[PDB]
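K.L.:
I am attaching a structure below and will ask some questions about it afterwards.
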Amino acid sequence: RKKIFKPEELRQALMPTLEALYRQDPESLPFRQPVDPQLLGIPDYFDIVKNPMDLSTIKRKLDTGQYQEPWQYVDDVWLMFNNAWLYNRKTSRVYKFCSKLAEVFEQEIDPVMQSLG
Ligand SMILES: Cc1cc(-c2ccc3nc(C4CCOCC4)n(CCOC(F)(F)F)c3c2)cn(C)c1=O
């Protein structure tokens, strides 16, 4: 049945899944803040990645009630992953670290989504 989710319900359910990503070391570090192409020396980045996303931005959106439904949060986490797999070479640390975060996220999000429905 279709359903209305309160901002605090989503925060309580979903913030632990986000913290599970932030706990990963070494893999979470490049995902903690928005990519800064100038600092990183990669001026092509915003030419390739049209809709940047990162953990800090997702955390803020959860804290400020910007998700109405859990799939919107899942979509942002996957936008972050897809951006990293699009831009980075397959041998790079960021690409392989992304793959690890996707494994962790898949494990954490499943029982939480069952709980929200
Ligand atoms: C999603 C994404 C993220 C990055 C990205 C973001 C932050 C990074 N900080 C570092 C270093 C730099 C100097 O010392 C501290 C770590 N790197 C370099 C890689 O280091 C690491 F592998 F350990 F993370 C950063 C990279 C870059 N692109 C292109 C992204 O797509």
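Going through the structure tokens in order, the chains are called A, B, and so on, while each chain numbers its residues from 1 and the ligands are numbered from 1 in the order shown.
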Name the residues of chain A that fall into alpha helix (DSSP H) according to DSSP on the backbone, using the chain letters and numbers of this document, as a ChimeraX atom specification.

P.N.:
/A:7-22,37-40,45-48,55-63,70-87,93-116

K.L.:
For residue 8 in chain A, work out the shell of residues within 9 Å, counting only C-alpha atoms and skipping chain neighbours fewer than 5 positions away, then give it as a PyMOL selection string.

P.N.:
chain A and resi 13+62-63+65

K.L.:
For ligand 1, return the neighbouring residues as a compact mmCIF listing (two decimals) with C-alpha atoms, in the first residue's frame (distance at most 7 Å; only C-alpha atoms and all ligand atoms).

P.N.:
```
# COMPACT_ATOMS: atom_id res chain seq x y z
CA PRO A 26 40.09 3.32 3.30
CA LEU A 29 37.41 9.01 2.34
CA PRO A 30 37.01 10.24 -1.26
CA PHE A 31 33.21 10.20 -0.92
CA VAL A 35 34.61 16.44 -5.48
CA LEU A 40 42.26 17.62 -7.33
CA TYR A 45 35.31 16.37 -13.99
CA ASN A 83 29.23 9.16 -11.05
CA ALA A 84 32.37 7.53 -9.65
CA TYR A 87 34.39 9.19 -14.38
CA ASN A 88 37.14 7.01 -12.88
CA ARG A 93 41.30 3.65 -6.10
CA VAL A 94 38.15 5.73 -6.35
```

K.L.:
Neighbours of residue 7 in chain A within 12 Å (only C-alpha atoms; same-chain residues fewer than 4 positions away dropped), as a PDB file with N, CA, C and O atoms, in the first residue's frame?

P.N.:
```pdb
ATOM      1  N   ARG A  11      14.937   9.693   8.750  1.00  0.00           N
ATOM      2  CA  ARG A  11      16.238   9.936   9.313  1.00  0.00           C
ATOM      3  C   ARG A  11      16.642   8.770  10.208  1.00  0.00           C
ATOM      4  O   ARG A  11      17.755   8.245  10.128  1.00  0.00           O
ATOM      5  N   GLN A  12      15.722   8.302  11.081  1.00  0.00           N
ATOM      6  CA  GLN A  12      16.080   7.228  11.996  1.00  0.00           C
ATOM      7  C   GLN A  12      16.425   5.935  11.227  1.00  0.00           C
ATOM      8  O   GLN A  12      17.291   5.181  11.685  1.00  0.00           O
ATOM      9  N   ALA A  13      15.640   5.655  10.199  1.00  0.00           N
ATOM     10  CA  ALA A  13      15.844   4.410   9.458  1.00  0.00           C
ATOM     11  C   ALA A  13      17.096   4.485   8.569  1.00  0.00           C
ATOM     12  O   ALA A  13      17.861   3.510   8.445  1.00  0.00           O
ATOM     13  N   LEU A  14      17.289   5.605   7.887  1.00  0.00           N
ATOM     14  CA  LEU A  14      18.280   5.678   6.809  1.00  0.00           C
ATOM     15  C   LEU A  14      19.626   6.213   7.267  1.00  0.00           C
ATOM     16  O   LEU A  14      20.654   5.817   6.675  1.00  0.00           O
ATOM     17  N   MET A  15      19.712   7.058   8.295  1.00  0.00           N
ATOM     18  CA  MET A  15      20.996   7.622   8.677  1.00  0.00           C
ATOM     19  C   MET A  15      21.960   6.506   9.072  1.00  0.00           C
ATOM     20  O   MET A  15      23.149   6.589   8.692  1.00  0.00           O
ATOM     21  N   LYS A  61      20.700  16.354   3.104  1.00  0.00           N
ATOM     22  CA  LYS A  61      19.349  16.196   2.615  1.00  0.00           C
ATOM     23  C   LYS A  61      18.538  15.368   3.597  1.00  0.00           C
ATOM     24  O   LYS A  61      17.358  15.690   3.811  1.00  0.00           O
ATOM     25  N   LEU A  62      19.108  14.358   4.233  1.00  0.00           N
ATOM     26  CA  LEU A  62      18.362  13.656   5.255  1.00  0.00           C
ATOM     27  C   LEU A  62      18.081  14.558   6.442  1.00  0.00           C
ATOM     28  O   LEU A  62      16.987  14.514   7.034  1.00  0.00           O
ATOM     29  N   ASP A  63      19.028  15.381   6.851  1.00  0.00           N
ATOM     30  CA  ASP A  63      18.851  16.213   8.024  1.00  0.00           C
ATOM     31  C   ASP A  63      17.860  17.333   7.782  1.00  0.00           C
ATOM     32  O   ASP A  63      17.282  17.857   8.751  1.00  0.00           O
ATOM     33  N   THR A  64      17.651  17.752   6.552  1.00  0.00           N
ATOM     34  CA  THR A  64      16.787  18.862   6.198  1.00  0.00           C
ATOM     35  C   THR A  64      15.511  18.412   5.525  1.00  0.00           C
ATOM     36  O   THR A  64      14.823  19.247   4.926  1.00  0.00           O
ATOM     37  N   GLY A  65      15.183  17.124   5.631  1.00  0.00           N
ATOM     38  CA  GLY A  65      13.860  16.696   5.195  1.00  0.00           C
ATOM     39  C   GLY A  65      13.640  16.765   3.683  1.00  0.00           C
ATOM     40  O   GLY A  65      12.503  16.893   3.209  1.00  0.00           O
ATOM     41  N   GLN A  66      14.724  16.580   2.886  1.00  0.00           N
ATOM     42  CA  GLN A  66      14.591  16.726   1.439  1.00  0.00           C
ATOM     43  C   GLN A  66      14.157  15.444   0.751  1.00  0.00           C
ATOM     44  O   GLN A  66      13.873  15.473  -0.454  1.00  0.00           O
ATOM     45  N   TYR A  67      14.080  14.323   1.451  1.00  0.00           N
ATOM     46  CA  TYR A  67      13.553  13.101   0.857  1.00  0.00           C
ATOM     47  C   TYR A  67      12.128  12.877   1.360  1.00  0.00           C
ATOM     48  O   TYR A  67      11.871  12.895   2.582  1.00  0.00           O
ATOM     49  N   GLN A  68      11.207  12.621   0.451  1.00  0.00           N
ATOM     50  CA  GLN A  68       9.827  12.261   0.784  1.00  0.00           C
ATOM     51  C   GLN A  68       9.659  10.756   0.930  1.00  0.00           C
ATOM     52  O   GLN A  68       8.757  10.298   1.639  1.00  0.00           O
ATOM     53  N   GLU A  69      10.488   9.982   0.217  1.00  0.00           N
ATOM     54  CA  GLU A  69      10.326   8.537   0.131  1.00  0.00           C
ATOM     55  C   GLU A  69      11.713   7.899   0.187  1.00  0.00           C
ATOM     56  O   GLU A  69      12.658   8.482  -0.345  1.00  0.00           O
ATOM     57  N   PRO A  70      11.840   6.656   0.688  1.00  0.00           N
ATOM     58  CA  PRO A  70      13.171   6.076   0.812  1.00  0.00           C
ATOM     59  C   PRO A  70      13.882   5.894  -0.524  1.00  0.00           C
ATOM     60  O   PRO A  70      15.121   5.994  -0.552  1.00  0.00           O
ATOM     61  N   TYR A  73      16.376   8.577  -1.462  1.00  0.00           N
ATOM     62  CA  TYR A  73      17.668   8.469  -0.801  1.00  0.00           C
ATOM     63  C   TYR A  73      18.506   7.423  -1.533  1.00  0.00           C
ATOM     64  O   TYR A  73      19.700   7.677  -1.829  1.00  0.00           O
TER      65      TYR A  73
END
```

K.L.:
Env of range 16-24 of chain A: 10 Å cut, atoms = only C-alpha atoms, seq-sep filter 5 positions within chain, self excluded. Answer as a list in words.

P.N.:
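In the requested form, the answer reads residues 11, 29, 31, 32, 55, 56, 58, 59, 62, 73, 77, 97, 100, 101, 102, 103, 104, 105, 106, 107, 108, 109, 110 and 112 of chain A.
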
K.L.:
With N, CA, C and O atoms kept, could you save the residues just selected as a short mmCIF file (atom, residue, chain, number, x, y, z; two decimals), in the first residue's frame?

P.N.:
```
data_model
loop_
_atom_site.label_atom_id
_atom_site.label_comp_id
_atom_site.auth_asym_id
_atom_site.auth_seq_id
_atom_site.Cartn_x
_atom_site.Cartn_y
_atom_site.Cartn_z
N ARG A 11 14.94 9.69 8.75
CA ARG A 11 16.24 9.94 9.31
C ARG A 11 16.64 8.77 10.21
O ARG A 11 17.76 8.24 10.13
N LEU A 29 36.83 7.66 2.26
CA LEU A 29 37.41 9.01 2.34
C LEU A 29 37.11 9.86 1.12
O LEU A 29 36.65 11.01 1.26
N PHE A 31 34.66 9.99 -0.75
CA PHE A 31 33.21 10.20 -0.92
C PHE A 31 32.65 11.11 0.17
O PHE A 31 31.47 11.47 0.11
N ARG A 32 33.48 11.58 1.11
CA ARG A 32 32.96 12.30 2.27
C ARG A 32 32.56 13.71 1.90
O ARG A 32 31.67 14.28 2.59
N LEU A 55 28.59 11.95 0.08
CA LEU A 55 27.99 11.61 1.37
C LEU A 55 27.52 12.85 2.13
O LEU A 55 26.48 12.79 2.80
N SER A 56 28.31 13.93 2.13
CA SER A 56 27.93 15.11 2.92
C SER A 56 26.62 15.66 2.40
O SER A 56 25.80 16.21 3.19
N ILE A 58 24.16 14.05 0.83
CA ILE A 58 23.10 13.14 1.21
C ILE A 58 22.78 13.31 2.69
O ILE A 58 21.58 13.35 3.03
N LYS A 59 23.79 13.43 3.54
CA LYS A 59 23.53 13.64 4.96
C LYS A 59 22.73 14.92 5.21
O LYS A 59 21.72 14.90 5.94
N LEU A 62 19.11 14.36 4.23
CA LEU A 62 18.36 13.66 5.25
C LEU A 62 18.08 14.56 6.44
O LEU A 62 16.99 14.51 7.03
N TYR A 73 16.38 8.58 -1.46
CA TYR A 73 17.67 8.47 -0.80
C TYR A 73 18.51 7.42 -1.53
O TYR A 73 19.70 7.68 -1.83
N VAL A 77 22.30 7.84 -3.35
CA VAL A 77 23.49 7.01 -3.06
C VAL A 77 23.98 6.38 -4.37
O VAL A 77 25.20 6.41 -4.67
N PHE A 97 37.12 1.63 -4.61
CA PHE A 97 36.52 2.02 -3.34
C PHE A 97 35.01 2.17 -3.53
O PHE A 97 34.25 1.75 -2.65
N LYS A 100 33.41 -1.20 -3.32
CA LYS A 100 33.26 -1.65 -1.94
C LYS A 100 32.10 -0.95 -1.25
O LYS A 100 31.33 -1.62 -0.54
N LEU A 101 31.97 0.35 -1.40
CA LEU A 101 30.86 1.03 -0.76
C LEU A 101 29.53 0.49 -1.29
O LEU A 101 28.56 0.39 -0.53
N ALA A 102 29.44 0.13 -2.60
CA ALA A 102 28.19 -0.39 -3.12
C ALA A 102 27.87 -1.72 -2.47
O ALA A 102 26.69 -2.06 -2.25
N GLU A 103 28.88 -2.56 -2.21
CA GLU A 103 28.66 -3.81 -1.51
C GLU A 103 28.12 -3.56 -0.11
O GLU A 103 27.16 -4.20 0.34
N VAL A 104 28.76 -2.67 0.65
CA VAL A 104 28.30 -2.36 2.00
C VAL A 104 26.88 -1.82 1.97
O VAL A 104 26.02 -2.20 2.79
N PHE A 105 26.62 -0.87 1.09
CA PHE A 105 25.30 -0.25 1.04
C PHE A 105 24.22 -1.28 0.71
O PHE A 105 23.15 -1.27 1.35
N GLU A 106 24.48 -2.16 -0.25
CA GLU A 106 23.50 -3.17 -0.61
C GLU A 106 23.10 -3.99 0.63
O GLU A 106 21.90 -4.25 0.85
N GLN A 107 24.09 -4.39 1.44
CA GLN A 107 23.83 -5.21 2.62
C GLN A 107 23.01 -4.43 3.63
O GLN A 107 22.05 -4.95 4.23
N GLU A 108 23.36 -3.16 3.88
CA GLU A 108 22.71 -2.37 4.92
C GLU A 108 21.29 -1.97 4.53
O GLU A 108 20.37 -1.86 5.38
N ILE A 109 21.08 -1.59 3.25
CA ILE A 109 19.82 -0.99 2.88
C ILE A 109 18.68 -2.02 2.81
O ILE A 109 17.54 -1.64 3.00
N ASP A 110 19.01 -3.26 2.49
CA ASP A 110 17.93 -4.24 2.27
C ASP A 110 17.02 -4.43 3.48
O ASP A 110 15.80 -4.25 3.35
N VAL A 112 16.57 -2.53 5.97
CA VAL A 112 15.98 -1.26 6.32
C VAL A 112 14.80 -0.98 5.40
O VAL A 112 13.74 -0.53 5.85
#
```

K.L.:
Using only C-alpha atoms, which of the listed residues (A:57, A:51, A:91, A:114) sits closest to residue 79 in chain A?

P.N.:
A:51

K.L.:
Let me make sure I understand: among A:10, A:86, A:1, A:27, which one has the smallest atom-to-atom distance to residue 74 in chain A if we use only C-alpha atoms?

P.N.:
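That would be A:10, the residue with the smallest distance to residue 74 in chain A.
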
K.L.:
What separation in Å, quoted to one decimal, exists between CA of residue 52 in chain A and CA of residue 3 in chain A?

P.N.:
29.1 Å
